[PDB]
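Read the structure below first, then the notes.
Atoms considered below: every heavy atom in the structure, side chains included; atoms not considered: hydrogens, waters and symmetry mates. The sequence lines fix the lettering, A, B, ..., with proteins before strands; numbering per chain opens at 1.
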Amino acid sequence: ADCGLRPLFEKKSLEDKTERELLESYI
Amino acid sequence: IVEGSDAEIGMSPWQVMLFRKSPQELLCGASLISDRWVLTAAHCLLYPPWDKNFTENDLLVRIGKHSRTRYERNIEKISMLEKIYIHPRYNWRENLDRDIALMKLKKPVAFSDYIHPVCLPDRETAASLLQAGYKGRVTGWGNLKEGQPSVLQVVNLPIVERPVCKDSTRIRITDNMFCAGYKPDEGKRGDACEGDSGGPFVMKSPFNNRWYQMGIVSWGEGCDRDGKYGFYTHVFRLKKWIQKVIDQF
DNA sequence: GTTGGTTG
DNA sequence: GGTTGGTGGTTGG
Ligand SMILES: *[PH](O)(O)OCCCOc1cccc2c(OCCCOP(=O)(O)OCCCOc3cccc4c(O)cccc34)cccc12
Ligand SMILES: *C[C@@](*)(O)[C@H](CCCNC(N)=[NH2+])NC(=O)[C@@H]1CCCN1C(=O)[C@H](N)Cc1ccccc1
Ligand SMILES: [K+]
Ligand code: NA
(Lines give C-alpha, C1' and ligand atoms only; values in the text may rest on other atoms or scores of the structure.)
(Ligands and ions follow the chains in the order given, each with its own letter.)
Protein backbone atom coordinates (compact mmCIF):
# COMPACT_ATOMS: atom_id res chain seq x y z
CA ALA A 1 0.00 0.00 0.00
CA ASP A 2 3.16 2.13 -0.16
CA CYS A 3 3.61 1.39 -3.88
CA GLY A 4 4.26 4.02 -6.52
CA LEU A 5 5.55 6.84 -4.29
CA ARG A 6 9.24 7.55 -4.85
CA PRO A 7 11.29 8.14 -1.65
CA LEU A 8 13.43 10.81 -3.34
CA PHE A 9 10.57 12.38 -5.26
CA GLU A 10 6.88 12.27 -4.23
CA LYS A 11 7.79 11.45 -0.60
CA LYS A 12 9.75 14.73 -0.55
CA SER A 13 7.50 16.92 -2.73
CA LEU A 14 10.19 17.21 -5.44
CA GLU A 15 9.47 16.52 -9.12
CA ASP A 16 11.67 14.94 -11.78
CA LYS A 17 12.53 16.94 -14.88
CA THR A 18 9.96 15.32 -17.13
CA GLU A 19 6.98 14.09 -15.09
CA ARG A 20 5.32 17.41 -16.00
CA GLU A 21 5.21 16.17 -19.59
CA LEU A 22 3.12 13.22 -18.45
CA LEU A 23 0.50 15.14 -16.45
CA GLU A 24 0.32 17.79 -19.21
CA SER A 25 -0.50 15.05 -21.75
CA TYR A 26 -3.80 14.52 -19.92
CA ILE A 27 -5.15 17.73 -21.51
CA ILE B 1 16.53 3.26 -25.06
CA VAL B 2 16.66 5.36 -28.22
CA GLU B 3 16.49 9.17 -27.99
CA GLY B 4 16.04 9.19 -24.21
CA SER B 5 18.24 10.62 -21.44
CA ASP B 6 19.99 9.76 -18.18
CA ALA B 7 17.65 8.77 -15.38
CA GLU B 8 18.05 10.89 -12.27
CA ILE B 9 18.88 9.00 -9.09
CA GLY B 10 15.83 7.16 -7.71
CA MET B 11 13.57 8.30 -10.58
CA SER B 12 12.55 4.71 -11.31
CA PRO B 13 13.21 2.81 -8.04
CA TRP B 14 11.16 -0.23 -9.18
CA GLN B 15 13.45 -0.73 -12.20
CA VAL B 16 15.17 -4.11 -12.09
CA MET B 17 17.99 -5.54 -14.16
CA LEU B 18 18.06 -9.21 -15.19
CA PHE B 19 21.68 -10.37 -15.07
CA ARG B 20 22.96 -13.58 -16.68
CA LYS B 21 25.58 -15.31 -14.51
CA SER B 22 27.90 -16.99 -17.03
CA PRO B 23 28.88 -15.15 -19.04
CA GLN B 24 28.13 -12.06 -16.93
CA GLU B 25 25.73 -10.16 -19.19
CA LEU B 26 22.69 -7.88 -19.06
CA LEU B 27 19.67 -9.73 -20.49
CA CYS B 28 16.64 -7.58 -19.91
CA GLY B 29 14.75 -5.08 -17.81
CA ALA B 30 12.30 -6.09 -15.08
CA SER B 31 10.23 -4.29 -12.40
CA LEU B 32 9.54 -4.64 -8.67
CA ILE B 33 5.93 -4.95 -7.57
CA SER B 34 6.44 -6.16 -4.01
CA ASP B 35 9.26 -7.08 -1.63
CA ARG B 36 9.22 -10.62 -3.08
CA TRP B 37 7.97 -10.42 -6.67
CA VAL B 38 9.46 -9.11 -9.92
CA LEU B 39 7.82 -8.70 -13.33
CA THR B 40 9.40 -9.03 -16.80
CA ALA B 41 8.80 -10.17 -20.39
CA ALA B 42 8.40 -13.92 -21.05
CA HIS B 43 10.65 -13.72 -24.15
CA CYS B 44 13.52 -12.62 -21.89
CA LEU B 45 13.63 -16.08 -20.31
CA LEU B 46 12.20 -18.29 -23.05
CA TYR B 47 12.55 -17.75 -26.80
CA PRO B 48 13.16 -21.04 -28.73
CA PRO B 49 13.54 -19.35 -32.19
CA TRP B 50 16.83 -17.87 -30.94
CA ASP B 51 17.60 -20.84 -28.69
CA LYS B 52 16.84 -18.98 -25.48
CA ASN B 53 16.12 -20.90 -22.26
CA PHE B 54 17.03 -19.54 -18.82
CA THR B 55 15.97 -20.91 -15.45
CA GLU B 56 16.50 -20.01 -11.80
CA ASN B 57 20.20 -20.95 -11.60
CA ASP B 58 21.22 -18.98 -14.70
CA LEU B 59 20.04 -15.60 -13.54
CA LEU B 60 20.57 -12.81 -11.06
CA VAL B 61 18.16 -9.98 -10.26
CA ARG B 62 19.88 -6.64 -9.57
CA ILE B 63 17.80 -3.91 -7.88
CA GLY B 64 18.47 -0.24 -7.10
CA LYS B 65 20.95 0.26 -9.92
CA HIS B 66 21.71 3.24 -12.09
CA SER B 67 25.10 2.45 -13.60
CA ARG B 68 24.70 -0.30 -16.20
CA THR B 69 28.08 -2.00 -15.74
CA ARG B 70 29.55 -0.99 -12.39
CA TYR B 71 28.65 -2.61 -9.10
CA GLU B 72 27.01 0.00 -6.80
CA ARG B 73 28.30 -0.41 -3.21
CA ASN B 74 25.62 -0.05 -0.48
CA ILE B 75 23.00 1.09 -3.07
CA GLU B 76 22.16 -1.98 -5.11
CA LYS B 77 20.80 -5.29 -3.79
CA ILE B 78 21.22 -8.67 -5.50
CA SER B 79 18.64 -11.46 -5.30
CA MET B 80 18.37 -14.98 -6.69
CA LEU B 81 15.19 -16.34 -8.26
CA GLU B 82 13.36 -19.03 -6.31
CA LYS B 83 10.85 -19.75 -9.09
CA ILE B 84 10.12 -18.35 -12.57
CA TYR B 85 6.53 -18.34 -13.88
CA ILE B 86 6.03 -17.83 -17.62
CA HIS B 87 2.42 -17.24 -18.67
CA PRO B 88 0.97 -20.53 -20.01
CA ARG B 89 -0.58 -18.91 -23.08
CA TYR B 90 2.64 -17.14 -24.10
CA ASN B 91 2.95 -17.32 -27.89
CA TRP B 92 6.65 -17.27 -28.76
CA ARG B 93 5.77 -18.83 -32.15
CA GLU B 94 3.78 -16.02 -33.81
CA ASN B 95 3.52 -12.66 -32.08
CA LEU B 96 4.79 -12.73 -28.45
CA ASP B 97 1.20 -12.67 -27.12
CA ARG B 98 1.09 -12.64 -23.32
CA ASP B 99 4.81 -11.82 -23.21
CA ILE B 100 4.91 -11.78 -19.41
CA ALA B 101 6.59 -13.71 -16.60
CA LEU B 102 6.73 -13.49 -12.81
CA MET B 103 9.71 -14.27 -10.60
CA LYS B 104 9.58 -14.91 -6.85
CA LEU B 105 12.85 -14.08 -5.08
CA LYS B 106 14.49 -16.40 -2.53
CA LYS B 107 15.08 -13.53 -0.08
CA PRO B 108 12.75 -10.47 0.24
CA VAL B 109 14.44 -7.10 -0.36
CA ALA B 110 14.69 -4.13 1.98
CA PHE B 111 13.23 -0.93 0.51
CA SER B 112 15.31 2.25 0.31
CA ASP B 113 15.76 5.52 -1.58
CA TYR B 114 16.67 3.53 -4.68
CA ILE B 115 14.49 0.39 -4.43
CA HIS B 116 10.72 0.85 -4.17
CA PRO B 117 7.64 -0.97 -5.63
CA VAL B 118 5.48 0.35 -8.48
CA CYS B 119 1.68 0.02 -8.39
CA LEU B 120 -0.27 -2.30 -10.70
CA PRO B 121 -3.47 -0.74 -12.14
CA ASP B 122 -7.07 -1.65 -11.30
CA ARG B 123 -10.07 -1.57 -13.67
CA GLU B 124 -10.65 2.19 -13.65
CA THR B 125 -7.00 3.21 -13.32
CA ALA B 126 -6.42 1.32 -16.57
CA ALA B 127 -9.68 2.64 -18.05
CA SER B 128 -8.94 6.32 -17.43
CA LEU B 129 -5.16 6.44 -17.97
CA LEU B 130 -4.65 3.98 -20.85
CA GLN B 131 -5.81 6.25 -23.67
CA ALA B 132 -4.57 7.43 -27.07
CA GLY B 133 -2.44 10.55 -26.63
CA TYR B 134 -1.55 10.12 -22.96
CA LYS B 135 2.22 9.83 -22.62
CA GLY B 136 3.89 7.15 -20.45
CA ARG B 137 7.49 6.47 -19.39
CA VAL B 138 9.84 3.71 -20.59
CA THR B 139 13.15 3.02 -18.86
CA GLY B 140 16.03 0.59 -19.35
CA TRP B 141 19.67 -0.14 -20.19
CA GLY B 142 19.05 -1.44 -23.72
CA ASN B 143 20.40 -0.08 -26.99
CA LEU B 144 20.79 3.60 -27.94
CA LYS B 145 20.43 2.60 -31.61
CA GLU B 146 19.14 -0.35 -33.70
CA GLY B 147 23.87 0.81 -28.00
CA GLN B 148 25.37 0.07 -24.56
CA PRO B 149 24.51 3.17 -22.42
CA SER B 150 26.50 3.66 -19.21
CA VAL B 151 23.51 4.71 -17.10
CA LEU B 152 19.76 3.86 -16.96
CA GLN B 153 17.96 5.67 -19.79
CA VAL B 154 14.45 7.20 -19.80
CA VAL B 155 11.94 8.35 -22.41
CA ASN B 156 8.26 9.37 -22.38
CA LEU B 157 6.08 8.25 -25.27
CA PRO B 158 2.40 8.78 -26.23
CA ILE B 159 0.03 5.82 -26.21
CA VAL B 160 -1.26 5.25 -29.74
CA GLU B 161 -4.71 4.19 -30.96
CA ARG B 162 -5.18 0.58 -32.16
CA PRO B 163 -5.83 1.35 -35.89
CA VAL B 164 -2.44 3.08 -36.13
CA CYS B 165 -0.78 0.20 -34.22
CA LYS B 166 -2.35 -2.51 -36.42
CA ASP B 167 -1.62 -0.63 -39.66
CA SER B 168 2.04 -0.16 -38.68
CA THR B 169 3.01 -3.85 -38.87
CA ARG B 170 2.01 -7.09 -40.62
CA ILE B 171 2.40 -8.92 -37.30
CA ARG B 172 -0.96 -9.85 -35.77
CA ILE B 173 -1.79 -7.49 -32.89
CA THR B 174 -3.80 -8.64 -29.88
CA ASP B 175 -5.50 -6.87 -26.95
CA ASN B 176 -2.77 -8.14 -24.64
CA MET B 177 -0.56 -5.55 -26.33
CA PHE B 178 -0.52 -1.79 -26.83
CA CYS B 179 1.75 0.45 -28.89
CA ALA B 180 3.35 3.80 -28.07
CA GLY B 181 5.57 6.40 -29.73
CA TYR B 182 5.50 9.69 -31.63
CA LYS B 183 3.91 9.71 -35.09
CA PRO B 184 6.09 10.66 -38.13
CA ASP B 185 4.89 14.27 -38.12
CA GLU B 186 5.47 15.18 -34.46
CA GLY B 187 9.10 16.31 -34.31
CA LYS B 188 9.71 14.47 -31.04
CA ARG B 189 10.84 10.85 -31.28
CA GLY B 190 12.10 8.03 -29.05
CA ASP B 191 11.61 4.29 -28.53
CA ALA B 192 12.66 1.27 -26.51
CA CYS B 193 15.08 -1.05 -28.28
CA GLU B 194 16.64 -4.51 -28.02
CA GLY B 195 17.72 -4.90 -24.38
CA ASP B 196 14.87 -2.89 -22.83
CA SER B 197 12.42 -5.87 -22.78
CA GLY B 198 10.83 -6.54 -19.42
CA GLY B 199 11.17 -2.87 -18.45
CA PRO B 200 7.94 -1.10 -17.33
CA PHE B 201 5.84 1.43 -19.20
CA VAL B 202 4.62 3.50 -16.24
CA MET B 203 2.05 6.27 -15.83
CA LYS B 204 1.61 8.81 -13.05
CA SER B 205 -1.97 8.89 -11.76
CA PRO B 206 -3.18 12.54 -11.73
CA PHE B 207 -5.67 11.20 -9.15
CA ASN B 208 -3.34 10.13 -6.33
CA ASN B 209 0.14 11.08 -7.62
CA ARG B 210 1.19 7.41 -7.84
CA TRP B 211 3.04 5.45 -10.54
CA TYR B 212 1.29 2.51 -12.19
CA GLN B 213 2.90 -0.03 -14.50
CA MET B 214 0.60 -0.18 -17.54
CA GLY B 215 3.08 -1.95 -19.78
CA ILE B 216 6.05 -4.25 -20.33
CA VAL B 217 8.49 -3.70 -23.18
CA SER B 218 7.79 -6.61 -25.56
CA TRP B 219 8.78 -5.97 -29.16
CA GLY B 220 9.07 -3.79 -32.26
CA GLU B 221 10.65 -3.74 -35.73
CA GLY B 222 13.97 -1.97 -35.50
CA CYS B 223 13.98 1.01 -33.14
CA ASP B 224 12.81 4.59 -33.58
CA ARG B 225 11.49 4.24 -37.13
CA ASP B 226 8.97 6.68 -38.59
CA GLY B 227 5.73 4.73 -39.03
CA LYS B 228 6.78 2.06 -36.49
CA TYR B 229 5.77 1.95 -32.81
CA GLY B 230 7.11 -0.15 -29.93
CA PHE B 231 4.79 -2.72 -28.36
CA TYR B 232 4.05 -3.39 -24.70
CA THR B 233 2.36 -6.25 -22.86
CA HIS B 234 -0.98 -4.95 -21.56
CA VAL B 235 -0.35 -5.45 -17.84
CA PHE B 236 -3.95 -4.94 -16.70
CA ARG B 237 -5.53 -7.36 -19.19
CA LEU B 238 -3.20 -9.85 -17.49
CA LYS B 239 -3.80 -8.57 -13.95
CA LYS B 240 -5.90 -11.60 -12.95
CA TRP B 241 -3.18 -14.09 -13.88
CA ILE B 242 -0.76 -11.98 -11.85
CA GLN B 243 -2.94 -11.94 -8.73
CA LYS B 244 -3.73 -15.61 -9.41
CA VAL B 245 -0.04 -16.59 -9.30
CA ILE B 246 0.81 -14.35 -6.33
CA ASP B 247 -2.03 -15.77 -4.18
CA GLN B 248 -1.02 -19.39 -4.83
CA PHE B 249 2.78 -19.21 -4.53
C1' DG C 1 -5.41 -25.30 -15.50
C1' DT C 2 -0.17 -20.33 -13.39
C1' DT C 3 -4.56 -21.20 -19.37
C1' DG C 4 -8.04 -20.23 -25.01
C1' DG C 5 -0.22 -25.92 -31.41
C1' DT C 6 4.56 -23.03 -29.71
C1' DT C 7 3.58 -27.88 -25.23
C1' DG C 8 2.72 -32.82 -21.62
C1' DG D 1 32.69 11.65 -3.58
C1' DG D 2 29.29 9.82 -5.69
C1' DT D 3 23.20 7.25 -5.78
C1' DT D 4 28.16 4.50 -1.32
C1' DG D 5 33.70 3.04 2.85
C1' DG D 6 37.95 2.71 3.34
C1' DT D 7 45.48 2.49 -4.82
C1' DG D 8 40.61 -2.57 -6.62
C1' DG D 9 36.68 -4.53 -4.93
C1' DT D 10 30.69 -8.36 -6.23
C1' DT D 11 33.33 -1.96 -9.69
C1' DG D 12 35.42 3.43 -13.37
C1' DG D 13 37.63 7.21 -12.97
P1 LIG E 1 39.18 10.55 -15.27
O2 LIG E 1 39.43 10.94 -16.71
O3 LIG E 1 38.64 11.68 -14.41
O4 LIG E 1 40.58 10.05 -14.62
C5 LIG E 1 40.75 10.07 -13.18
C6 LIG E 1 41.69 11.19 -12.79
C7 LIG E 1 41.36 11.82 -11.46
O8 LIG E 1 41.91 11.03 -10.39
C9 LIG E 1 41.46 11.25 -9.13
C10 LIG E 1 40.62 12.27 -8.77
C11 LIG E 1 40.23 12.41 -7.43
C12 LIG E 1 40.66 11.53 -6.46
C13 LIG E 1 41.53 10.46 -6.81
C14 LIG E 1 42.00 9.53 -5.84
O15 LIG E 1 41.56 9.77 -4.59
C16 LIG E 1 41.88 8.81 -3.56
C17 LIG E 1 42.54 9.47 -2.38
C18 LIG E 1 41.81 10.69 -1.87
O19 LIG E 1 42.75 11.78 -1.71
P20 LIG E 1 44.14 11.53 -0.94
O21 LIG E 1 44.03 12.31 0.34
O22 LIG E 1 44.46 10.06 -0.90
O23 LIG E 1 45.21 12.21 -1.91
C24 LIG E 1 46.29 13.00 -1.34
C25 LIG E 1 46.58 14.16 -2.27
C26 LIG E 1 46.92 13.71 -3.67
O27 LIG E 1 46.36 14.63 -4.62
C28 LIG E 1 46.83 14.57 -5.88
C29 LIG E 1 47.75 13.67 -6.34
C30 LIG E 1 48.15 13.72 -7.68
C31 LIG E 1 47.64 14.64 -8.55
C32 LIG E 1 46.68 15.59 -8.10
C33 LIG E 1 46.11 16.57 -8.95
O34 LIG E 1 46.56 16.53 -10.22
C35 LIG E 1 45.19 17.47 -8.49
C36 LIG E 1 44.79 17.42 -7.14
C37 LIG E 1 45.31 16.49 -6.28
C38 LIG E 1 46.27 15.56 -6.74
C39 LIG E 1 42.82 8.50 -6.20
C40 LIG E 1 43.23 8.37 -7.54
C41 LIG E 1 42.80 9.24 -8.51
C42 LIG E 1 41.94 10.31 -8.16
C1 LIG F 1 13.59 -8.99 -25.66
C2 LIG F 1 13.54 -7.45 -25.68
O3 LIG F 1 14.81 -6.92 -25.29
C4 LIG F 1 13.17 -6.88 -27.05
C5 LIG F 1 12.56 -5.47 -26.95
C6 LIG F 1 12.45 -4.82 -28.31
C7 LIG F 1 11.84 -3.44 -28.20
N8 LIG F 1 11.47 -3.01 -29.54
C9 LIG F 1 11.14 -1.77 -29.90
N10 LIG F 1 11.82 -1.17 -30.87
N11 LIG F 1 10.13 -1.12 -29.34
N12 LIG F 1 12.26 -7.77 -27.78
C13 LIG F 1 12.65 -8.48 -28.85
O14 LIG F 1 13.79 -8.52 -29.31
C15 LIG F 1 11.53 -9.28 -29.46
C16 LIG F 1 11.58 -10.68 -28.88
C17 LIG F 1 11.91 -11.60 -30.04
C18 LIG F 1 12.23 -10.74 -31.25
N19 LIG F 1 11.66 -9.43 -30.91
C20 LIG F 1 11.25 -8.46 -31.73
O21 LIG F 1 10.87 -7.41 -31.25
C22 LIG F 1 11.25 -8.68 -33.25
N23 LIG F 1 11.99 -7.66 -33.96
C24 LIG F 1 9.85 -8.64 -33.90
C25 LIG F 1 8.96 -9.83 -33.55
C26 LIG F 1 9.36 -11.15 -33.81
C27 LIG F 1 8.53 -12.22 -33.49
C28 LIG F 1 7.28 -11.97 -32.90
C29 LIG F 1 6.88 -10.66 -32.64
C30 LIG F 1 7.71 -9.59 -32.97
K1 LIG G 1 35.77 4.13 -5.23
NA1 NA H 1 8.39 6.08 -34.42
Side-chain angles (χ1 to χ4, degrees), chain A residues 6-9 11-12 14 16-17, chain B residues 6-26 33 36-53 55-56 59-104 107 109-116 120 139 141 148-154 171-172 174-177 218-219 233-235 237-249:
Chain A
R6 297 177 285 193
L8 295 192
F9 288 84
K11 280 208 194 310
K12 263 154 73 165
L14 307 148
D16 72 53
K17 308 251 277 204
Chain B
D6 296 17
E8 306 164 41
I9 293 311
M11 179 193 205
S12 185
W14 36 76
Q15 186 82 22
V16 174
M17 170 192 296
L18 262 192
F19 200 69
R20 183 176 198 182
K21 268 181 206 172
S22 308
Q24 279 174 138
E25 193 197 4
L26 161 66
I33 64 166
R36 281 214 70 159
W37 285 91
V38 174
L39 191 52
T40 195
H43 90 246
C44 286
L45 305 162
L46 183 51
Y47 193 56
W50 295 354
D51 197 0
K52 226 195 172 194
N53 183 350
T55 65
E56 287 75 349
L59 289 172
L60 292 177
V61 142
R62 313 183 69 178
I63 321 161
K65 289 210 43 63
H66 173 249
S67 140
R68 168 168 143 266
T69 67
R70 216 210 321 139
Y71 181 84
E72 303 198 13
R73 220 184 129 275
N74 296 23
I75 290 91
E76 83 160 82
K77 299 291 104 206
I78 276 168
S79 316
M80 290 186 306
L81 315 174
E82 202 189 51
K83 189 67 194 151
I84 291 173
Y85 297 84
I86 296 100
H87 180 96
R89 295 266 48 89
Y90 154 64
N91 178 351
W92 59 259
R93 172 211 74 179
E94 179 190 3
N95 61 5
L96 291 173
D97 200 25
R98 280 147 280 195
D99 188 4
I100 186 159
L102 272 167
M103 307 177 209
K104 191 166 67 189
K107 304 164 205 158
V109 213
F111 295 159
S112 76
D113 294 2
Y114 319 88
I115 298 156
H116 193 91
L120 294 169
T139 51
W141 285 284
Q148 325 135 12
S150 34
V151 104
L152 177 53
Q153 289 286 286
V154 184
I171 302 166
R172 173 184 136 252
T174 95
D175 300 349
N176 307 315
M177 42 185 83
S218 186
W219 59 277
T233 301
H234 196 299
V235 165
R237 183 53 179 79
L238 299 182
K239 222 283 190 65
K240 282 186 282 268
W241 173 75
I242 290 159
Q243 252 148 0
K244 189 102 191 294
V245 175
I246 310 264
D247 292 343
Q248 288 212 20
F249 312 86

For this session: Evaluate side-chain contact (heavy atoms from CB on, under 4.5 Å) for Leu18(B) paired with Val61(B), printing each intermediate quantity in order.
Result: CA-CA 5 Å; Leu18(B) 262 192; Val61(B) 142; 3.6 Å; yes
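Annotated as anti: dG6(D), whose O4'-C1'-N torsion sits more than 90° from 0. Look at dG9(D): its glycosidic torsion is beyond 90° from 0, and that puts it in the anti range.
Here the P atom of nucleotide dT3(C) and the CD atom of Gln243(B) are 13 Å apart, to the nearest Å. The NZ atom of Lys65(B) sits 18 Å away from the P atom of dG2(D) (whole-angstrom rounding). Across the protein-nucleic acid pair, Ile86(B) atom CD1 and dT7(C) atom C1' stand 12 Å apart, rounded to whole Å. We find that CG of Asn74(B) is positioned 12 Å from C1' of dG9(D), with the value rounded to whole Å. Whole-Å rounding puts the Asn95(B) CG to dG4(C) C1' distance at 14 Å. Taking atom CG on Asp97(B) and atom P on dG5(C), their separation rounds to 19 Å, with Å as the unit. In this entry the distance linking CD1 of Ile75(B) with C1' of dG9(D) reads 14 Å, nearest Å.
Judged by distance alone, with hydrogens and angles left aside, the side-chain atoms of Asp97(B) form no donor-acceptor pair with the main-chain N or O of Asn91(B) at under 3.5 Å.
The furanose ring of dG9(D) falls on the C2'-endo (south) side of the pseudorotation cycle, as its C1'-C2'-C3'-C4' torsion is below zero.
Aromatic pair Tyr85(B)/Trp241(B): ring centres not closer than 6.0 Å.
With the nearest nucleotide of DNA chain C identified for both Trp241(B) and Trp92(B), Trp241(B) has the one nearer the 5' end. Both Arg93(B) and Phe249(B) lie close to DNA chain C; mapped to their nearest nucleotides by heavy-atom distance, the more 5′-ward contact belongs to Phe249(B).
Checking the phosphate oxygens (OP1, OP2) of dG1(C), no side-chain nitrogen or oxygen of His87(B) falls inside 4.0 Å.
Separating the P atom of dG6(D) from that of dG13(D) is a span of 23 Å, rounded to the nearest Å. Rounded to whole Å, the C1' atom of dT4(D) lies 12 Å from the corresponding atom of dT11(D). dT7(C) and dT3(C): their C1' atoms are spaced 12 Å apart (whole Å).
Counting non-hydrogen atoms of neighbouring residues, nucleotides and ligands closer than 6.0 angstrom, the NZ atom of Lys52(B) exceeds 12 such neighbours. The number of heavy atoms from other shown groups lying within 6.0 Å of CD (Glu82(B)) is above 12.
Aromatic ring pairs are classed by plane angle as parallel below 30°, tilted from 30° to 60° and perpendicular above 60°; the pair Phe111(B) and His116(B) is tilted.
Contact annotation: side chain of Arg89(B) to base of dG4(C), donor-acceptor pair present below 3.5 Å.
Heavy atoms of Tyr114(B) sit under 4.0 angstrom from primed sugar atoms or phosphate atoms, though from no base atom.
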Pull out every protein N or O sitting under 3.5 Å from an N or O of nucleotides 10-13 of chain D, one pair per line with the distance.
| unit_1 | atom_1 | unit_2 | atom_2 | d |
| --- | --- | --- | --- | --- |
| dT10(D) | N3 | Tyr71(B) | OH | 3.1 |
| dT10(D) | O4 | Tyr71(B) | OH | 3.4 |
| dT11(D) | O4' | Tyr71(B) | N | 3.0 |

